[PDB]
$ cat model30.pdb   # PDB, C-alpha atoms
ATOM      1  CA  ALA A  12    -182.561  36.700 -18.701  1.00  0.00           C
ATOM      2  CA  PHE A  13    -184.277  40.206 -18.388  1.00  0.00           C
ATOM      3  CA  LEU A  14    -184.184  41.862 -14.877  1.00  0.00           C
ATOM      4  CA  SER A  15    -183.484  45.359 -13.353  1.00  0.00           C
ATOM      5  CA  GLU A  16    -180.092  45.180 -11.471  1.00  0.00           C
ATOM      6  CA  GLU A  17    -178.832  48.899 -11.160  1.00  0.00           C
ATOM      7  CA  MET A  18    -181.920  50.395  -9.255  1.00  0.00           C
ATOM      8  CA  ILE A  19    -182.607  47.150  -7.079  1.00  0.00           C
ATOM      9  CA  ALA A  20    -178.859  47.113  -5.862  1.00  0.00           C
ATOM     10  CA  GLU A  21    -179.049  50.940  -4.985  1.00  0.00           C
ATOM     11  CA  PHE A  22    -182.402  50.455  -2.955  1.00  0.00           C
ATOM     12  CA  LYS A  23    -180.688  47.501  -1.006  1.00  0.00           C
ATOM     13  CA  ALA A  24    -177.492  49.708  -0.358  1.00  0.00           C
ATOM     14  CA  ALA A  25    -179.516  52.547   1.374  1.00  0.00           C
ATOM     15  CA  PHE A  26    -181.760  49.893   3.209  1.00  0.00           C
ATOM     16  CA  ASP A  27    -178.787  47.887   4.742  1.00  0.00           C
ATOM     17  CA  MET A  28    -177.082  51.269   5.811  1.00  0.00           C
ATOM     18  CA  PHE A  29    -180.363  52.394   7.664  1.00  0.00           C
ATOM     19  CA  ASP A  30    -180.901  48.941   9.363  1.00  0.00           C
ATOM     20  CA  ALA A  31    -183.332  48.150  12.256  1.00  0.00           C
ATOM     21  CA  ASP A  32    -182.909  44.260  12.135  1.00  0.00           C
ATOM     22  CA  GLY A  33    -179.804  43.930   9.774  1.00  0.00           C
ATOM     23  CA  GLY A  34    -180.499  42.785   6.163  1.00  0.00           C
ATOM     24  CA  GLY A  35    -184.317  42.269   6.133  1.00  0.00           C
ATOM     25  CA  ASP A  36    -186.464  44.968   7.940  1.00  0.00           C
ATOM     26  CA  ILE A  37    -186.034  48.824   8.454  1.00  0.00           C
ATOM     27  CA  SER A  38    -188.140  51.107  10.831  1.00  0.00           C
ATOM     28  CA  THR A  39    -191.317  53.195   9.919  1.00  0.00           C
ATOM     29  CA  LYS A  40    -189.418  56.637  10.090  1.00  0.00           C
ATOM     30  CA  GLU A  41    -186.389  55.048   8.160  1.00  0.00           C
ATOM     31  CA  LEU A  42    -188.827  54.428   5.099  1.00  0.00           C
ATOM     32  CA  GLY A  43    -188.990  58.311   4.636  1.00  0.00           C
ATOM     33  CA  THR A  44    -185.127  58.660   5.239  1.00  0.00           C
ATOM     34  CA  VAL A  45    -184.176  56.123   2.387  1.00  0.00           C
ATOM     35  CA  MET A  46    -186.760  57.809  -0.049  1.00  0.00           C
ATOM     36  CA  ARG A  47    -184.908  61.254   0.484  1.00  0.00           C
ATOM     37  CA  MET A  48    -181.392  59.596  -0.172  1.00  0.00           C
ATOM     38  CA  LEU A  49    -182.506  57.972  -3.572  1.00  0.00           C
ATOM     39  CA  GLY A  50    -184.858  60.659  -5.164  1.00  0.00           C
ATOM     40  CA  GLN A  51    -188.471  61.058  -3.823  1.00  0.00           C
ATOM     41  CA  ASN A  52    -189.908  63.640  -1.320  1.00  0.00           C
ATOM     42  CA  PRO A  53    -191.877  61.825   1.614  1.00  0.00           C
ATOM     43  CA  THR A  54    -195.072  64.034   1.784  1.00  0.00           C
ATOM     44  CA  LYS A  55    -198.088  63.605   4.238  1.00  0.00           C
ATOM     45  CA  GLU A  56    -200.342  61.966   1.465  1.00  0.00           C
ATOM     46  CA  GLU A  57    -197.442  59.623   0.192  1.00  0.00           C
ATOM     47  CA  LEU A  58    -196.403  58.375   3.774  1.00  0.00           C
ATOM     48  CA  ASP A  59    -200.132  57.784   4.906  1.00  0.00           C
ATOM     49  CA  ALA A  60    -201.048  55.853   1.649  1.00  0.00           C
ATOM     50  CA  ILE A  61    -197.827  53.628   1.740  1.00  0.00           C
ATOM     51  CA  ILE A  62    -197.850  52.327   5.489  1.00  0.00           C
ATOM     52  CA  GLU A  63    -201.772  51.952   5.649  1.00  0.00           C
ATOM     53  CA  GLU A  64    -202.139  49.996   2.291  1.00  0.00           C
ATOM     54  CA  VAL A  65    -198.659  48.193   2.273  1.00  0.00           C
ATOM     55  CA  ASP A  66    -198.571  46.796   5.893  1.00  0.00           C
ATOM     56  CA  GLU A  67    -195.888  47.030   8.665  1.00  0.00           C
ATOM     57  CA  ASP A  68    -194.435  43.544   9.580  1.00  0.00           C
ATOM     58  CA  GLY A  69    -194.371  44.137  13.441  1.00  0.00           C
ATOM     59  CA  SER A  70    -195.687  47.491  14.869  1.00  0.00           C
ATOM     60  CA  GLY A  71    -193.790  50.175  12.766  1.00  0.00           C
ATOM     61  CA  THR A  72    -191.176  48.030  10.888  1.00  0.00           C
ATOM     62  CA  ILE A  73    -191.415  47.700   7.008  1.00  0.00           C
ATOM     63  CA  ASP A  74    -189.628  44.677   5.271  1.00  0.00           C
ATOM     64  CA  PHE A  75    -187.878  44.504   1.818  1.00  0.00           C
ATOM     65  CA  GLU A  76    -190.317  42.132  -0.167  1.00  0.00           C
ATOM     66  CA  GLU A  77    -193.486  44.416  -0.040  1.00  0.00           C
ATOM     67  CA  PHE A  78    -191.165  47.581   0.221  1.00  0.00           C
ATOM     68  CA  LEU A  79    -189.270  46.785  -3.121  1.00  0.00           C
ATOM     69  CA  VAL A  80    -192.633  46.102  -5.054  1.00  0.00           C
ATOM     70  CA  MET A  81    -194.124  49.620  -4.053  1.00  0.00           C
ATOM     71  CA  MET A  82    -190.704  51.560  -4.302  1.00  0.00           C
ATOM     72  CA  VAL A  83    -189.656  50.203  -7.860  1.00  0.00           C
ATOM     73  CA  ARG A  84    -193.175  51.023  -9.433  1.00  0.00           C
ATOM     74  CA  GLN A  85    -193.635  54.578  -7.801  1.00  0.00           C
ATOM     75  CA  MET A  86    -189.961  55.938  -7.821  1.00  0.00           C
ATOM     76  CA  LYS A  87    -188.536  54.070 -10.909  1.00  0.00           C
TER      77      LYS A  87
END
$ encode --input "model30.pdb" --output "structure tokens"
Amino acid sequence: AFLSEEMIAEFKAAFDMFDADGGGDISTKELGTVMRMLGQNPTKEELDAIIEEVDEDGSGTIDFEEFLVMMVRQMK
């Protein structure tokens, strides 16, 4: 009925290109790489606040469910 399709499909396109697992999880350094490709500078305060509050699935490996909730609200 009412959903955001243009920005969600562009976040998934950069995520699947920079893949650690395949279509599910990307690495801790690849979170900063995808943010530069879309339109957001990964600063020391932004990177610290995102991996510490929004957890890493394994050791340093962020997944798309918690990633898409924090990335759509901050860089909209």
$ residues_near_point --input "model30.pdb" --point "(-181.1, 51.5, -2.6)" --cutoff "12 Å" --atoms "all atoms listed in the file" --output "list in words"
residues 16, 17, 18, 19, 20, 21, 22, 23, 24, 25, 26, 27, 28, 29, 42, 44, 45, 46, 47, 48, 49, 50, 75, 78, 79, 82, 83, 86 and 87 of chain A
$ closest_residue --input "model30.pdb" --among "A:61, A:56, A:51, A:69" --to "residue 32 in chain A" --atoms "all atoms listed in the file"
A:69
$ closest_residue --input "model30.pdb" --among "A:76, A:54, A:70, A:63" --to "residue 34 in chain A" --atoms "only C-alpha atoms"
A:76
$ resolve_selection --input "model30.pdb" --expression "the PyMOL selection byres ((chain A and resi 73) around 6)" --output "list in words"
residues 36, 37, 67, 68, 72 and 74 of chain A
$ atom_distance --input "model30.pdb" --atom1 "CA of residue 65 in chain A" --atom2 "CA of residue 77 in chain A"
6.8 Å
$ atom_distance --input "model30.pdb" --atom1 "CA of residue 59 in chain A" --atom2 "CA of residue 81 in chain A"
13.5 Å
$ axis_aligned_box --input "model30.pdb" --around "range 71-87 of chain A" --padding-each-side "5 Å" --output "AutoDock Vina command-line options"
--center_x -191.0 --center_y 49.0 --center_z 0.9 --size_x 16.2 --size_y 23.8 --size_z 33.7
$ build_atoms --input "model30.pdb" --residues "range 51-62 of chain A" --atoms "N, CA, C and O atoms" --output "PDB file, in the frame of the given file"
ATOM      1  N   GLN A  51    -186.998  61.007  -4.007  1.00  0.00           N
ATOM      2  CA  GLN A  51    -188.471  61.058  -3.823  1.00  0.00           C
ATOM      3  C   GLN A  51    -188.728  61.786  -2.478  1.00  0.00           C
ATOM      4  O   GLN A  51    -188.244  61.357  -1.423  1.00  0.00           O
ATOM      5  N   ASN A  52    -189.537  62.859  -2.515  1.00  0.00           N
ATOM      6  CA  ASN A  52    -189.908  63.640  -1.320  1.00  0.00           C
ATOM      7  C   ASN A  52    -191.014  62.878  -0.490  1.00  0.00           C
ATOM      8  O   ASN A  52    -192.077  62.609  -1.062  1.00  0.00           O
ATOM      9  N   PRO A  53    -190.834  62.525   0.819  1.00  0.00           N
ATOM     10  CA  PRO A  53    -191.877  61.825   1.614  1.00  0.00           C
ATOM     11  C   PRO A  53    -192.918  62.827   2.202  1.00  0.00           C
ATOM     12  O   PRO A  53    -192.765  63.350   3.310  1.00  0.00           O
ATOM     13  N   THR A  54    -193.976  63.085   1.416  1.00  0.00           N
ATOM     14  CA  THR A  54    -195.072  64.034   1.784  1.00  0.00           C
ATOM     15  C   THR A  54    -196.110  63.339   2.725  1.00  0.00           C
ATOM     16  O   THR A  54    -196.127  62.111   2.870  1.00  0.00           O
ATOM     17  N   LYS A  55    -196.990  64.133   3.368  1.00  0.00           N
ATOM     18  CA  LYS A  55    -198.088  63.605   4.238  1.00  0.00           C
ATOM     19  C   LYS A  55    -199.059  62.603   3.522  1.00  0.00           C
ATOM     20  O   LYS A  55    -199.343  61.547   4.092  1.00  0.00           O
ATOM     21  N   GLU A  56    -199.513  62.898   2.283  1.00  0.00           N
ATOM     22  CA  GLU A  56    -200.342  61.966   1.465  1.00  0.00           C
ATOM     23  C   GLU A  56    -199.566  60.677   1.026  1.00  0.00           C
ATOM     24  O   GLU A  56    -200.134  59.586   1.131  1.00  0.00           O
ATOM     25  N   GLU A  57    -198.298  60.789   0.561  1.00  0.00           N
ATOM     26  CA  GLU A  57    -197.442  59.623   0.192  1.00  0.00           C
ATOM     27  C   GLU A  57    -197.171  58.668   1.401  1.00  0.00           C
ATOM     28  O   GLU A  57    -197.488  57.482   1.295  1.00  0.00           O
ATOM     29  N   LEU A  58    -196.639  59.175   2.536  1.00  0.00           N
ATOM     30  CA  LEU A  58    -196.403  58.375   3.774  1.00  0.00           C
ATOM     31  C   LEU A  58    -197.688  57.669   4.312  1.00  0.00           C
ATOM     32  O   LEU A  58    -197.629  56.453   4.509  1.00  0.00           O
ATOM     33  N   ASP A  59    -198.827  58.386   4.488  1.00  0.00           N
ATOM     34  CA  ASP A  59    -200.132  57.784   4.906  1.00  0.00           C
ATOM     35  C   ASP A  59    -200.602  56.615   3.984  1.00  0.00           C
ATOM     36  O   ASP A  59    -200.849  55.509   4.471  1.00  0.00           O
ATOM     37  N   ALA A  60    -200.687  56.877   2.668  1.00  0.00           N
ATOM     38  CA  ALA A  60    -201.048  55.853   1.649  1.00  0.00           C
ATOM     39  C   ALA A  60    -200.123  54.603   1.524  1.00  0.00           C
ATOM     40  O   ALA A  60    -200.615  53.525   1.183  1.00  0.00           O
ATOM     41  N   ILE A  61    -198.818  54.743   1.807  1.00  0.00           N
ATOM     42  CA  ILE A  61    -197.827  53.628   1.740  1.00  0.00           C
ATOM     43  C   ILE A  61    -197.907  52.735   3.024  1.00  0.00           C
ATOM     44  O   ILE A  61    -198.067  51.530   2.838  1.00  0.00           O
ATOM     45  N   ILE A  62    -197.802  53.231   4.282  1.00  0.00           N
ATOM     46  CA  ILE A  62    -197.850  52.327   5.489  1.00  0.00           C
ATOM     47  C   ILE A  62    -199.274  51.721   5.770  1.00  0.00           C
ATOM     48  O   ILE A  62    -199.349  50.581   6.241  1.00  0.00           O
TER      49      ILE A  62
END
